[PDB]
Structure formats: structure tokens, C-alpha cells
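Trainee: sequence first, structure after, both from an experimental entry:
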Amino acid sequence: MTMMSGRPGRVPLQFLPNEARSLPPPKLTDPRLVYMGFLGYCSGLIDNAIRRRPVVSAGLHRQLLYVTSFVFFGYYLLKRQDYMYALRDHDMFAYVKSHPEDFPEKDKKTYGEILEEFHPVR
Amino acid sequence: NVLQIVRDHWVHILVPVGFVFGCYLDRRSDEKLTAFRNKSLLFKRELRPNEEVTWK
Amino acid sequence: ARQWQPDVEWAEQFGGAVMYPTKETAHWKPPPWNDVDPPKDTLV
Amino acid sequence: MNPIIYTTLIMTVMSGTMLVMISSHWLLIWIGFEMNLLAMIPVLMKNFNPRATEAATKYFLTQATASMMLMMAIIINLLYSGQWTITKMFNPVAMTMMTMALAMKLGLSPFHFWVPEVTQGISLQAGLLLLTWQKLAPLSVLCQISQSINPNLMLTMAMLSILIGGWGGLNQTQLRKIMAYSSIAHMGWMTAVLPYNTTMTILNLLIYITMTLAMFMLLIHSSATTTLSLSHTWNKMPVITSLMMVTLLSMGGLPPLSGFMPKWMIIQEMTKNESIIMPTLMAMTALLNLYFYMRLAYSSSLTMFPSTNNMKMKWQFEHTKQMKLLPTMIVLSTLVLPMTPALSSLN
Amino acid sequence: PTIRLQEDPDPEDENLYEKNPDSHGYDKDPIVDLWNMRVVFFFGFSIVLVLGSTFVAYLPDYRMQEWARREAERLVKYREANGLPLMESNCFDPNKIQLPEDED
Amino acid sequence: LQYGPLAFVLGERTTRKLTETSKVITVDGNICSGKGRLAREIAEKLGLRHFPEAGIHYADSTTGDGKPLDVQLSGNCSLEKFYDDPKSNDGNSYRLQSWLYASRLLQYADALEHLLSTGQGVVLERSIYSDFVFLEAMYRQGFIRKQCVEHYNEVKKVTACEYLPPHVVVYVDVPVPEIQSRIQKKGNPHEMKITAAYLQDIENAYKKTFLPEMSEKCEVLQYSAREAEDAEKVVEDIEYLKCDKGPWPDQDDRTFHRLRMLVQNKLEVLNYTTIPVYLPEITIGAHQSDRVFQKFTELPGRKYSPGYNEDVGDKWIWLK
Amino acid sequence: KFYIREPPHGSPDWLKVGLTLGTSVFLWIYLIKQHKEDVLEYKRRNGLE
Amino acid sequence: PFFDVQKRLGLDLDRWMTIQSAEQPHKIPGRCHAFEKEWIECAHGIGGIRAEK
Amino acid sequence: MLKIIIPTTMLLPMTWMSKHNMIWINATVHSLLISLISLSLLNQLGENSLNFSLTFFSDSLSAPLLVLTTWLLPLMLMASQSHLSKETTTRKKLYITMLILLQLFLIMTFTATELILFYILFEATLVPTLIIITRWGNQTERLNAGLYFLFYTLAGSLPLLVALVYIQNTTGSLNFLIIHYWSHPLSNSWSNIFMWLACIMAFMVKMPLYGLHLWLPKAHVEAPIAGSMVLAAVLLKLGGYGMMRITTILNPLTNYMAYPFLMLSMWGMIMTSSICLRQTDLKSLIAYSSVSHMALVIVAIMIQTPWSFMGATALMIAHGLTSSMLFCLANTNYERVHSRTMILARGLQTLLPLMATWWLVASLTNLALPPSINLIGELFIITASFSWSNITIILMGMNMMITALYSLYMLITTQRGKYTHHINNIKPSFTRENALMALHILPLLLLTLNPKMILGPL
Amino acid sequence: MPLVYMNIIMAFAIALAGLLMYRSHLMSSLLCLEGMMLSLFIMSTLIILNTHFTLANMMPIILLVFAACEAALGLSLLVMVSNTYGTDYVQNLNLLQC
Ligand SMILES: CCCCCCCCCCCCCCCCCC(=O)OC[C@H](COP(=O)([O-])OCC(O)COP(=O)([O-])OC[C@@H](COC(=O)CCCCCCCCCCCCCCCCC)OC(=O)CCCCCCCCCCCCCCCCC)OC(=O)CCCCCCCCCCCCCCCCC
Ligand SMILES: CCCCCCCCCCCCCCCCC[C@@H](O)O[C@H](CO[C@H](O)CCCCCCCCCCCCCCC)COP(=O)(O)OCC[N+](C)(C)C
Ligand SMILES: CCCCCCCCCCCCCCCCC[C@@H](O)O[C@H](CO[C@H](O)CCCCCCCCCCCCCCC)COP(=O)(O)OCC[N+](C)(C)C
Ligand SMILES: CCCCCCCCCCCCCCCCC[C@@H](O)O[C@H](CO[C@H](O)CCCCCCCCCCCCCCC)COP(=O)(O)OCC[N+](C)(C)C
Ligand SMILES: Nc1ncnc2c1ncn2[C@@H]1O[C@H](COP(=O)(O)OP(=O)(O)O)[C@@H](O)[C@H]1O
């Protein structure tokens, strides 16, 4: 099953609709971005190790490019993910609003009027 | 001469620095859960003539 | 005095064409070191 | 083979897959499959020897039968509804034939026998291509026609694929056949969740492709095709064996590694429907794949096997060709679980 | 060769007391050995053990044992003064409870 | 730029650099014969690069610095103790033979790479096609087992089939008594123990297997002891050979491209020398392997890649 | 010390190093600018400031 | 799965041959042109699930 | 509680950046400092837990477990550096990295607020343990041990995962506070029975339950000393902690689903105590001891009373300390004589008096001499079982008789009698080993001085 | 459906069964593949002619083209197999197992 492929108004290969510009962008200190940079740093260290170079000191420009590329991709990935979750919430709330018969708010009962069975432990 | 001493024993600040950073991050996390500060039925209180918040 | 490590007898368990050999597959041979079977003399 | 001709053939393979992925007409999808197969046959025969020829012949026979069944299903669908657009597949007999043809193309059980043989008969680069790129087109078609699928048939084939992959992989000492049985089990996992959520299918496919690329690239870096030849790598380059061990653990699905993420997600999706027994069976069966991965890790990284004298000479030389994407592939194969919610971007 | 493989012989175990009669069993380097002993003894016994025990012994009463004792004292005094029972079998007021209408 | 598919696609072709004097030459002969001097003279006269015979430490001379390493970390075999105790129960004989075959394979790959890269010819003393004679002389004397011969044949079968045999094979024939006289006049106390049966076995292997089978690939130039000092006559005999019968004329750009990709990447050259066949003579236990590898990695210029060893004076590492 | 050329010499490949550093710096500047414009557009659309 | 390259670029690579009611040469009509036209106009824009009923 | 998590993650690069001959010193010093910091978690409330954030919380049940983990890391480091002297620097750093990663996973496991995060960390603890066992174990059986350790665990935990996600589709949350406040009874249906089994069996195999315990002697005998320490002291308590967490949603089904497990626990406690009487390997005896004590803990958790829960908490802490000390004591003799056979080296009191005193104190705490916290936990569990049924005092009573026997048996075999004549390589005890024994034993008696810190939230 | 449609479908099924059941010659199986292609051509042509789908009239020709490609591919492989064994028997393709 595909939930969102046929959602009306969806541009085939956009990756970032204009509506997404109404959402707050992720901060540059977002922990997910920090973890993506950490993944880039680990990639650089593994690159040094495989090539039989000093792991921590061999190429600083290469490691910098690794970290920068991972952060650069992660920013847009996070933007798209947040947009998709916002879309899901928007559609859910609109559907609940447009079908009140399927989502009734029934009368509230307090615990002084609800009979719950008691199971003793012995 | 402190160059050799530093380059031999600079690994001894990593764990204290991590402790301080963890304390700072815990304070930051506490900063995001103030939705009921001075609002519970048990602890709701009138503010003093000076203090701004009941806890940080 | 030292940690045990695999020897030749241990390593030969994985050198066959198959694990858990049976009577049928005991005659299966491992592939050649390079994947080149010797050429047959199928003279025409 | 000329490098120009090899590049042209690889581009034609990719073009056939892309034509399958972008087409709206059933005839163009079938043409994409034909072009992909026609360009793929010589790539499997690049290093000429009898085993490669046998593998190419078996692959051609399987894929040609699958394409004939595909075309017959298309024609039956046209007969009962004059439609060429890839859609809800208005006829059930045609849909059954279509499902069987796509399963035969993918190598799902019980049309699984050709995968270990073709993988063993070709080189490691050809095996990488066959087990990574060749899954995209049939899975794309199956995702497009998922709403008309019969869940009983696909779930039966997926469970059979998982079981057969585990059992067959338990018996192997050749690394290519191990990879082929692992591929069969992972295809079973991919197709088990397809009638419920195609995003989970895409996520599983991406993670499997990343792990398989890392595995094959590590196997090419250390020129090993058997367990015993891989047991020498520790005495030449231990870093490669350690990275291989972690990658094998990830392929086994252990938390907190990335290979745990798809199964987890798939299991959750299956419990959003009722579907309780099948996910439990699937996990308990994936334990077999974990077992033979662990046996490989025992042979190559966690213990030290005896070596040979001539290995000393190999100590004096370095690897000439370097794979630029291997470190990123390893990192994505291992440390990606904390970014799980990003899967929302897949739908 | 009547052998199976070329292997190093299993070596004898080294006694740390031979090269260092007062060796503490931490390292073969005498200075590193001595300082390992010193740091283990200072940070294990002097810091964590004694100071941690003192810190735990004087932990403030967040379990509210003394508060509960004082509250119980006030309650007992009041109830004994007014002649009420010390404790009630009901911990919730029945006027705030609505039983089901029919039991038949 | 490193040679590869990209270099072949645009420009670079091997067939144009061949200028009628490529002519891979090998100069075989028995022990203590003057084949090395003849090879040096041939190389000097024809302007080709001379490769001295590959010894135990041939690989050492081409990696790191050209200085040899300790016998424990390279070779792990001795020719002197092979002469002293050829029937030693520690496997020295076949270990030495296998290491020497691997060294010869490496040298042949180096020579082929040089010839295909520059178009200049090469002159070798012995080759992978000629090493087997010593192995035969080892087996007929009882110095090695039959399983060692089987392993050697397997390795040769999977290795020597990927290269081109030499254009012209030059042989120097010296009788066994003359060889014994030369050895006695030499003075090396380890070579005086060479029995005449060993030399006769080497000569029999040569004259009954190597020359007959090499004569089918190309014509063989045999010279006696007296007509090998006159090197100019040998050279002018080489200069008038009709070389159009072997596999060398059956080579085009794509086969040369494949061979050139193979001759570089010495790891791919040596791939099949360490096949997991567990002969006691060449199998090394895990503990010894670990100790010896740790010892090797601690050599002054060996821990990292060639340009990344700051303990031998490598600068600007943190930008490389 | 090395018997062979070791094509990577004592000095680093300046062209590659410059290209790598320039790519990293350009990507960082582009990311900063894009984040600034994104914040501005979000504030404008939602009318915070 | 399906990358709608044709829709994104407006290319019409193969849509001209998907249905029988779409611009035949010389305006030759299919045997069931009207029925297909009516079904397509009924089912347009409401999705497969609703169109099936 | 990032003030504890971040310093361990900093231990990682501090170890990997240290000078080759300073790794042990730095690791030990900063591990002890982290333990001192974690000591502050013992300040607990009487009503609710310390809810640090949306992700981590501390209860009166998990705080002593965290303190035990952080205290066990330096002891493991001290015990490991003797037999790893010949190792290369990189492999020593890798071993220390495995230990640090295990500590991090355990710390995050004991404080996770959600059940799926708890599951992920509680499975993540598997990898470092398996690597340690199969890479640094001494004998060829370690490989088999590793396999037994892995699948026995996973065959229990894979069903649990399914159940967990199923629960989240039914109630909407796996947060433990929400789960506790919004608790609803479990009806008596086959579906509920299988949900109960899926929720219970993973923790049962972790304890381990008698009949599912075969992995433990193998894994705890074949492991290196630090592996055995962390397996006996902390990793067995994951099952008990998880069971006490998960039982809040299983009532009133437990009322009758506990019978087979209660019978297995009591009878198998008798059985494993009896097995300890005829054991030729000294490490296997300690492993079977752990099995018996954990059977007691299982009974306490299954009967579901406040006294049983307090006893279970106290017993887990006390057993962790005592079993780790016993494993270290056996390892000293093994390093001296290179054999695990108990009757090989005898009369060791004549040669090593202070080590004999350590042996006596460890065996005294094993048999639960009053007023040790071992005895406090055992007595609380026995009293709760007596309330559950008066006949239990029979089986429990028999256990108390057998335990002491085998405990003293062990002592009498190793320390008393006459020394073996041909063993002439028994060197005097090092300062490191005596310090290790003291750092094990002194916290036990200090905790006896203030027992409410290990009695749990009840 | 008319009887002719059932006959063409039966022909396709027969050709598929013939392909799936090998005797000895690879050439016979290739012939069965060609027969399946021919049956598909006939069936599609009959459907397209019956419904007067004008633009679909080019579809069968396209089918034939790729049939030829498939036919060529098979023949090429057969040549190599024969050159290895002196025969085209499927029994000889047994170097690789499961
Ligand atoms: C969860 C929380 C967060 C955790 C994150 C996840 C874990 C960490 C990240 C993982 C990736 C990072 C490292 C990747 C590259 C490492 C590859 C490597 O070989 O390392 C060698 C390298 C040493 O090499 P060298 O210095 O050139 O000289 C020694 C020779 O090379 C001698 O080398 P050799 O090759 O000759 O030696 C042979 C050796 C070589 O083999 C290895 O070294 C194994 C390395 C494998 C890499 C890991 C695989 C891929 C990552 C997946 C990890 C999964 C984690 C999840 C849990 C599951 C565990 C598997 O092989 C063996 O000896 C066989 C041993 C068999 C044991 C098998 C166990 C292997 C798997 C264990 C993995 C555990 C995680 C990583 C451990 C740390 C590794 C350094 O190690 C390092 O020094 C690098 C690590 C430290 C750098 C980071 C420090 C940052 C800067 C300091 C300041 C900190 C800033 C803080 C901010 C505040 C300001 C004050
Ligand atoms: C194991 C780790 C997995 C990593 C996989 C590779 C990661 C690197 C690849 C980078 C992707 C490049 C894409 C960016 C260019 C823009 C292309 C854009 O136009 O495509 C959009 C599509 O967007 C992409 O799908 C998003 C790609 C991002 C994938 C990452 C999710 C992985 C799951 C979470 C694991 C953590 C990942 C960490 C990253 C380092 C169009 O959507 P649409 O045409 O309508 O979809 C067609 C298919 N449908 C309709 C059936 C759905
Ligand atoms: C070698 C020679 C040995 C023999 C010679 C010894 C000489 C004499 C020394 C022996 C002293 C005898 C002990 C007698 C007890 C006196 C001290 C006692 O009174 O203090 C207790 C206090 O003890 C501490 O509370 C217990 C210590 C805490 C234990 C934590 C250990 C540190 C952590 C180490 C690692 C953790 C590993 C275990 C994980 C769970 C009482 O607490 P409390 O009744 O309230 O006090 C009420 C008043 N307050 C509250 C205001 C203070
Ligand atoms: C080696 C140690 C491994 C770990 C040990 C795990 C222990 C698991 C044991 C499970 C305990 C009980 C499970 C289910 C509770 C009752 C079981 C049954 O015997 O009781 C009767 C059940 O009646 C009959 O016995 C029907 C069940 C018979 C079929 C079950 C197969 C048991 C045979 C033994 C197979 C061994 C299983 C373990 C394999 C290792 C009760 O009658 P009834 O009131 O109607 O059923 C209650 C449920 N209702 C209310 C929904 C209807
Ligand atoms: N494959 C081999 N096996 C054993 N010994 C060899 C081998 N190749 C060369 N040698 C030894 O090298 C020594 C001298 O080599 P040779 O080329 O024959 O003499 P020269 O140095 O005068 O040219 C001889 O003692 C010979 O035994």
C-alpha cells in the first residue's frame, strides 16, 4: 500500500514543495545534524584506516569534506522528513474534522462512578 | 617545558569536560519542560515581590 | 599458557565443497582456485 | 572486453531498468525488461570460462521464461480490459501469472534455484551487479501493482524464501553462494510487507543494497571467494576483517546496528494489521542467517587461522585500486539506526 | 617432516618479582607500576569509598520519613483528643462514590 | 595518471611502442655457468634492461628502500642450509623453492610491466618457465615430498598461464664435470657439498623438458661453454631471428591492455601463491604468524603507506 | 628513502587540496545562506516578525 | 518505483498509446470508444478505490 | 542524566588517545570518578521517580544497579590488566573499548523511559559480551559458548519485541509512566496467555530460569575474568529488572501463569545447589551458585508482594558483588596454576594467608551469614514465600542447608588440607589482587550498615 | 471468448509446458521459446484487430523485434556451450549446484 503517492497536488520529483517553506527550518545545532556530521567523521576515519594512513591525522581536508557533505545532505533530509510528518498531521486533523460521525466525543465519567473489578494479590 | 607535559596529559580533561557538558545539557533539557511551572494544584504559589520564576 | 587458536585440523572443516557432508555430496569437489575448469578433449 | 563496450553495456542495463521505472505503458515496461536482459547477458560473461557460460545460460533461460509469462499476463489483462496502463490489474488470472513472473525474475522461492548457481558462476563484480541493481525493476513493478496483489500467494512465497534462504545458507563454504542465499532471505522479507506498505519495502531494499555493496566491496578488496581464503586476510590486513565482522553482525539484524531497522519496522507494520504469527515466524527464521554470518565471523575475524609462508611477500605491497565509496557504505551499513524516522522521506 | 605446521613454542610465564622484588603486580615498568598502585589506592579508598560513604550517610530526607512521622503524630493527637477512631476502614469518602443503582 | 581503462580509452596503446627490439630474452643454464655475464653482455649490446636473477630478497629491493630485510621477515628460508642439510625435517627445501618461484613471478611481472610501459626490451636470467627444473632435481634426490610437487604444480598452473613466454630462449650448456671444477675453484664452502647427481638431474630436467617444450613456442639458441664468451656473435645471432611463430604476434591492443592491468597490481600477481593448501613445510601457525607480522609492521618505513611514514622523514602528512 | 618515485611526494597535491578545501567552504557558505533565507521566509509566512 | 518523469517534464513518451479513445490516426474510432470515454470521465480524479464502486 | 552518560563516551577517545603505557591508569582513574558521580543518584523520593527528561528517568530500583555497574567497571579493568600484558596496544584499547561500550549500554538500559528503547539497549549489550567471550577467551569451547550465549537470548527476545509493538498498537504508548497509570486488567484468553508468555520468556531466559540455564555455565566458564564479572554481576539482573517493570501490565493473569515457573524455580534451586556438591571445575560451581540465587529472585518476582520485591532487589545487589568477588578469587588461583580443577591446588591457606581470609569472607557472604544483605534479601523472600504458602519453608529450608555445605566445601577443598607437593610456582599475592578483593568486599558491609539504599521502590 | 482465443491460449500453454520439460537438446527448448513468442503475437494481433485499436496495430511488430533479439541471444549462448562440450546437451550444464 502507498499512502501518499496519489495525494492531490503532488509534483512528481520535487523533493521539497513550496508549502514546506511555511515550516520552521531545523536549527544548525540540531542533534540529528550533529549525528550526521559524526557519521561523516567516522567515514573519514574509516577511509584513513582502510588506506593504511595515520587514522586521526592523515587528511584533514578529506575529513572536513566528509563532515561537510554529510551535514549538507542531512539538513535537506531533515527538512523533507519534517515536511512529511507535518503533511500527515494536517491530513489526519482535516479528516477528523470532516467526519464527526466517525470520531465522537463521548460523555466523561469519573473514577467514582466507574466500577472496576478488584483482583487481590495473595 | 610544559609542551611535553601537555601533550602527554591532555587526555585528562576529556572526562571532566564531558561531565560539565552533560550538566549543561541536563539544564537545557529542564528548560524545555516548564509548561506546568507554578501551576500544579499542590505547589501553586504567589510570586515573591522580586523573584520571577519558582524554579529554573 | 597461551590462548587456543585454530590449527590445520580445525581449518580443514571449512575446506570442503559443502558443510555437513553426506554420502551423496562427499564426492563433490571444491571449485578450482581460479574459476577455470580444465578443457575437455571433445575432439570434433 | 573493450572498456567502451563495457561502459555501453552497463549503461544499457541501467537504461532498461530506468525505462521500467518511468514507463506508464505495459509494453514499454516489457521492453525495459528485454533490454536489461540483453545487455546483462554479456556482462555476466566478461571473464570467459565454462562456469561463466553455464551461469549466463541458466540466467537467460530463467529470465526469458519469466518475460514470456509477463507478456502473456499483459495480453490477458488487455483482453479482459482494453487497458495498457499499469494499474489495478483488472483480471485475477493475469494477476497470478504476473506475480509468478515477477517472483521468478526476483528469484523468490520456489523459483530460487538459479540464484546460487548464477552467483557462484560469475565474478564478484558481476555478482554485486546481479544482487543489487537487478532487483529494482521487478520490485518497482510490484510496488505499482500492490493493491491488486493476492496476499496469500505473496506471503507464502515470502515465507518460503526466508526459510529456504536460511536453510540453504547454513550449508555453504563458498562466499558467493552465502551471499545468494542471504539475498533470497532478504527478498522474502521485502515481499512480505509489500501488500501492507511499499515504503517499508523501499526502506528494506535500500538498507539491504547498502549492506550488500559493503559486503561485496570488502570481498573484492581482499580477494577471497571461499571461507579458507578469507581466513588468511587477518594476517594481511586486520582492519578489513574487523569491518567485515561488524558488517556481518549488522546483516544479522542485531541492535543497535542498522540492519535491525528494516525488520523492526516491518514487524511493527505487520502488527498494525492483525498479522501476528507471520512476523514471529520470520524473526525466528532469520536467526538462521544470523547463525551462518556468525560462523563466517568466527572464521575470519574472531579467531586466527593458520597462514602460509609466501604471505610475507604480500606484506611488502599495497592495494593499488581503491574503492572511494567503501567507507561511506560501511558507515551506512552499521551506524544508521538513530536516524530511523527519516524513513518518512521515502513516502 | 613428521610435523604438521611451523609454530612458536609455548613460552614460560614471567614472574613480575624477578625484575622487581617489590612489584605491586600492576606493570612491568616499576614507575608506572608504582603510580598505578597509588592512583588505585587514592581514588578507590580515599575518594570513592570513604567520601562516598560519608555523602550517602548524610543524604537529606527526600523519602519524607520524619515528615510522615510528624504528620502521624499530629493526626493521632487530634483524633485521640476528639474521640474519633484512629483510622478509618475507608480511605475515600463514600459521598464522592456512586455505586451501581441495582444489585439484583 | 595511473594506467587504467581511462588511459586506454583516450590515446594510450601498447602496440605502437613496440619497435622491433622488444624481444623479452631469458638466458638459462646450469649451476655456476656463466649465464649472468652473457645476459649482461646481451643487454648492453642490444640496449635492453638487465634483470639480475631473483634471489630470496628480490621483493625487498623493489619496496620501501631497496635494502634486504631480516630472513625471518622475508623468505624464511636459507640456501646455505639447503646445501648443508637438504633433507632437514623442518621443511626448508620446499619452502625455499616456493619462495623462489614467487620471487621469479614478481620479477617476471616487473619486467613485463616495464616492457609494456616503455617499449624497451628486457633480459632475464631464469624465469617461472624454468624454475621447475630445480624442483625436479629436488624430488629425484628425495629432498622434498610428492605433495610438495603437487602444490608447486597447482600454483604454477594457476599463475604462469596468464603471461606471455619469452621471445627468445638462450641456453648455455656446460658439462657436469666442468661445473664441479668451477664450483671447486669458486671457494664457497656451501657449494662444495653439491653432489654430481643433483647437477645431472638439473641438466636432465633442462634438456628433456624445458628446451623441448620451449622450442615449440619459439626457436631456442643453444651455445656451448666456449662459444658464449664471444657475446657479439651471440648478439648478431639473436638479431637475425624470424620471430613470427609464437603467441607474441597474436597480440592486439585489448590483450595488451589486459596484460598491462595484470602486470601492475602486484597483489593480483601474487594472489594464488598463498592458496589455503596446508602443507607442513609452508604452513605457519597463528601465534608465529601474529608475532612475525607484528615484527614486520614495526620496521622503520613499513607501518603506513609509502608516503605517510613520518619516522623516515615524510612531511606534509596532514595534507596528503 | 624509497627506492621508487612514490608519486605522492613530500609536498601534497596542491590542486586537489585546494579543490577539496574550496568545495567544503562553498558548501558551508551555501548552507548558512540557505538557512538564513529559510528562517526569513518562515517568519514572513507565519508573520512572527 | 514509478518516477513520473513524463508528468514532470510534460513529454508524453508513451501515454498516446495507453487507451483506445486517444487521438487515433485519421480519426478512426475504436469499437468501444463511447463506453471507454464514459468510464474514464466517471472515474477521473476520485481514485481507484472509489472508482471501483 | 547526561552528566553520567557523556563522561563514559569521553572515556572512549581518552582511551584511544592515551599513551601506550598509561591506558590502565587513565581508564581506572576516570572510571572511579564516574562511579563517584553516579553515587548521587541514590537520593530518591518516596512517591515518584526522578524524571530527568522525556527519555531517561531514575527510580529506587535502577539507581543501585547503575551504581553497581559504574563501580564494576574499574574492578574489571584492574582484574584484566594481568593476563593482557602480552597483548598489543591496539588490541588492549579494543578490549577497553568493549568494556566501556558495555557500561554505556547498561547505563542507558537501566534508565530508559520507554520499553522499546529499553529493548534496543538490552539487546545491544549482546555484541560487546559476545566479542569479549569469543575473542579473549582461553579455550576452544569459547566459540560454542558464544553461540549458546547468543541464540538462547535471542530466541527469548524476538517474541517480546513483537508483543511490545503489538501493545503500542493497542494502548498507544510504551512509556512506563503512562503504562503504569493507564493499567488495565488482562482477561483469561489464549491470546492473553501467549502475550504473557511473550512478555515473560526473554527475562526468564536472562535470569536464567532452571531448564533454560544451560548457556550460563558455558558462557561464564569460557569467558575471560572481566567477562565473567560483568555476566554474573550485572547482565543477569537485566532479567529481574525487566520482569519487575513488565509485570505491571500482566495482572491478574500472573495469579495462575506463575505456577510452572514457581515450581521450576524452587525445584531447580534445589537441583543446582545439589549440582554444586559434585563439581570438578571451580568456575562452574560459582556459575551454578548464581543459578540458585537467581531462582530465588524469580520466585520473589513471581509472587508479587512488596516484601518479595524488596528481597529481590537486595538479593540482586548482594549476589552481584559476591559472585564477582568469587570469580576473581578463582581467577587468582587459575593464573597461578593454569588449571580450573578444584582439587589440583590444595592447602593454599599455608601459602597465601590473606587470600585465605578473602576466600573465607566471600564464602561467608555466599551462604548469607547475618546481618549481610545477602541474608536480608534471602530472608525477605522466604518470609514472602511463607505468606504465599506455608509449605515453601520446606524447599527454601533445604536450599539453606545445601548452599552452606557446598560453599564450605569449596573453601575446605582449596584452603585447607595439605599443599600439593609438586606445585612450586605459587608466588605471594600481589597488591593488585588484595586491593581487588577489598574493593569487592568493603562495599558489601558498608551497604549492610545502611540497607534501605538497596531495598527498592517498595 | 470464441473458440479461437481458447485455441491460441492452449497453444501458449503447450509451448510453455514444452519449454519447462527439457529432454536433451537446448535447441528444442529454444524452439519452444520461439513458439511461445509466436502464440503471443497471434493472440495480441487478434485482440487488437477485434477491438479496432488502431494505434495498437504497431505493438505486435515490436514484439517480433525483441523476439528476434531473444532468439539471437539464445543461439549465441548455444554456440559457446557446444564449443565447450561438442554437444548441446543440458546435462553438461552441471558445474554449479545449489
Ligand atoms: C553509542 C555511543 C557512541 C558510539 C559510536 C560508535 C563507536 C565509535 C565510532 C565508530 C567509528 C570510529 C572509528 C572508525 C575508524 C577506526 C578504524 C581503526 O582501525 O582504528 C585504528 C585507530 C588506531 O590506528 P593508528 O593510530 O593509525 O595506529 C595504530 C595502527 O593502525 C594499528 O592498527 P592495526 O590495523 O595494525 O591493528 C589491527 C586491529 C585493527 O582493527 C581495528 O582497529 C577495529 C576497528 C573497526 C572499526 C569499527 C567498525 C565500523 C563502526 C561500527 C561500530 C558499531 C558500534 C555499535 C556497537 C556494536 C559493536 C561492534 O585489528 C585487530 O587487532 C583485531 C581485533 C579483533 C577484535 C574485533 C572487534 C572489532 C569491532 C569493534 C568495534 C567497536 C567500535 C569502534 C572501536 C574503536 C576503534 C578505533 O584507532 C584510532 O586511533 C581512531 C579512534 C579515535 C579517534 C577519535 C578521537 C576524536 C578526537 C579526540 C577528542 C574527542 C572530541 C570530543 C569533543 C570534546 C572536546 C574536548
Ligand atoms: C543504509 C542507509 C540508507 C541510505 C541510502 C542512500 C543515501 C544517499 C542517497 C541520496 C539520495 C539523493 C536524492 C536527492 C535528489 C532529489 C530527488 C527527489 O526528487 O526525489 C524525490 C524522492 O525523495 C527520495 O525518496 C528521498 C531520498 C532519501 C532517502 C533516505 C531515507 C533512509 C531511511 C532512514 C535511514 C537514515 C538515513 C541516513 C542518511 C545518511 C521525489 O519523490 P517521488 O518522485 O514522488 O518518489 C517516487 C517513488 N514513490 C512515489 C513511489 C515514492
Ligand atoms: C583492617 C582492620 C579492620 C578492623 C579495625 C577497624 C577499626 C574500627 C572501624 C570500624 C567501624 C565500625 C562500624 C560501626 C558503625 C558506625 C557508623 C554508623 O553509625 O554510620 C552509619 C552510616 O553508614 C552509611 O550510611 C553507610 C555507607 C554507605 C555505603 C555506600 C558505599 C560507597 C559506594 C562504593 C561502590 C558501591 C558498590 C555497591 C553498589 C550498590 C549509620 O547511618 P545512619 O543511621 O543513617 O545515621 C543517622 C544520622 N545521620 C543520618 C545524620 C548521618
Ligand atoms: C524447559 C523449561 C522451559 C520454560 C517453561 C515455560 C512454562 C510454560 C507452561 C505454560 C503454563 C500454562 C499455559 C496455559 C494455561 C493453562 C494450560 C491448560 O493446560 O490448562 C487448561 C486448558 O485446557 C486444556 O488443557 C486445553 C489445552 C491443551 C493443549 C495444550 C498443549 C499442552 C501439552 C504439553 C506440551 C508441552 C509445552 C511446552 C514445550 C516445551 C485450563 O482449562 P481452560 O479453562 O479450558 O483453559 C484456560 C484458557 N481459556 C480460559 C481461554 C479457555
Ligand atoms: N630455483 C633455485 N633453487 C635452488 N637454488 C637456486 C635456485 N636458483 C638459483 N639457485 C642458486 O643460486 C646459486 C648461484 O646461482 P647461478 O645463477 O646458477 O650462478 P651465477 O651467480 O654464477 O650466475 C647457486 O648455488 C644455485 O644453486
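Mentor: That came through, no problem. Numbering: from 1, shown residues only, chains lettered A, B, ... in the order given. Ligands and ions are numbered 1, 2, ... in the order given.
Trainee: how about the contacts made by residue D:223?
Mentor: Remark: with contacts taken as C-beta atoms under 8 Å, 6 or more residues apart in numbering or on different chains, residue D:223 is in contact with D:229, F:267-268, F:271. For every residue, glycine as well, the C-beta is placed using N, CA and C.
Trainee: check contacts around the closest residue in space to residue F:168 that isn't next to it in sequence.
Mentor: Excluding its sequence neighbours, the residue lying closest to residue F:168 (C-beta to C-beta, 6 or more residues apart in numbering or on different chains) is residue F:25, at 5.4 Å. Residues in contact with residue F:25, defined by C-beta under 8 Å, 6+ apart, are F:39, F:42, F:46, F:48, F:121-124, F:166-168, F:170, F:238.
Trainee: for those residues, which one is nearest ligand 3?
Mentor: Top of the list for closeness to ligand 3, among the contacts of residue F:25 and by C-beta to the nearest ligand atom, is residue F:124 at 72.9 Å.
Trainee: how many residues are close by that closest one?
Mentor: 26 (other C-beta atoms under 10 Å in any protein chain shown).
Trainee: now it. Its backbone dihedrals?
Mentor: The phi/psi pair for residue F:124 (degrees, to the nearest 10) reads phi -110, psi 160.
Trainee: give me the neighbour count for residue 36.
Mentor: With no chain named, the answer covers chain A. Neighbouring residues of residue A:36 were enumerated by other C-beta under 10 Å; the total is 24.
Trainee: wrong one, chain J
Mentor: Other residues lying near residue J:36 total 26 when counted by other C-beta under 10 Å.
Trainee: quick one: it is in a helix?
Mentor: Yes. Using DSSP: H, G, I helix; E, B strand; the rest coil, the assignment for residue J:36 is a helix.
Trainee: gap between it and residue C:22?
Mentor: According to C-beta to C-beta, to the nearest Å, residue J:36 stands 39 Å off from residue C:22.
Trainee: quick one, what contacts the most centrally placed residue in chain H?
Mentor: In chain H, the C-alpha nearest the mean C-alpha coordinate belongs to residue H:19, at 5.1 Å (C-alpha atoms, centre = their mean). For residue H:19, the set of contacting residues under the criterion of C-beta under 8 Å, 6+ apart consists of D:82-85, H:36, H:40.
Trainee: hmm, 10 Å instead?
Mentor: In this structure, residue H:19 makes contact with D:82-85, H:30, H:33, H:36-37, H:40, J:53, J:55, judged by C-beta atoms under 10 Å, 6 or more residues apart in numbering or on different chains.
Trainee: do residue D:208 as well
Mentor: Contacts for residue D:208 (C-beta under 10 Å, 6+ apart) come out as D:131-132, D:135, D:182-183, D:185-187, D:189-190, D:251, D:259, D:262, D:333.
Trainee: what's the answer for residue F:175, then?
Mentor: With the criterion set at C-beta under 10 Å, 6+ apart, residue F:175 makes contact with F:30, F:181, F:199, F:203, F:224-225.
Trainee: show the buried residues in those.
Mentor: Using 16 or more other C-beta atoms under 10 Å in any protein chain shown as the burial test, these include F:30, F:199, F:203, F:225 as buried.
Trainee: rewinding a little: and the contacts of residue F:175, which of them are in helices?
Mentor: F:181, F:199, F:203 (DSSP state H).
Trainee: redo these as CSV? Include distance to residue I:108.
Mentor: Listed next are those as CSV, based on distance: C-beta to C-beta, whole Å:
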residue, distance to residue I:108
F:181, 83
F:199, 75
F:203, 76
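Trainee: just give me the closest of those residues to residue J:48.
Mentor: Compare each of the ones in helices among the contacts of residue F:175 with residue J:48 using C-beta to C-beta and the shortest gap goes to residue F:203, at 82.5 Å.
Trainee: how far away is the closest one from chain A?
Mentor: Distance of residue F:203 to chain A, computed by C-beta to the nearest C-beta, to the nearest Å: 46 Å.
Trainee: same thing with residue D:334?
Mentor: For residue D:334, the distance to chain A (C-beta to the nearest C-beta) stands at 9 Å.
Trainee: might one say that that residue is in contact with residue D:252?
Mentor: No. With contact defined as C-beta atoms under 10 Å, residue D:334 does not reach residue D:252; the gap is 11.9 Å.
Trainee: identify the contacts common to these two.
Mentor: With contacts defined as C-beta under 10 Å, 6+ apart, the residues adjacent to both residue D:334 and residue D:252 are residue D:259.
Trainee: that's all I had, so thanks and see you.
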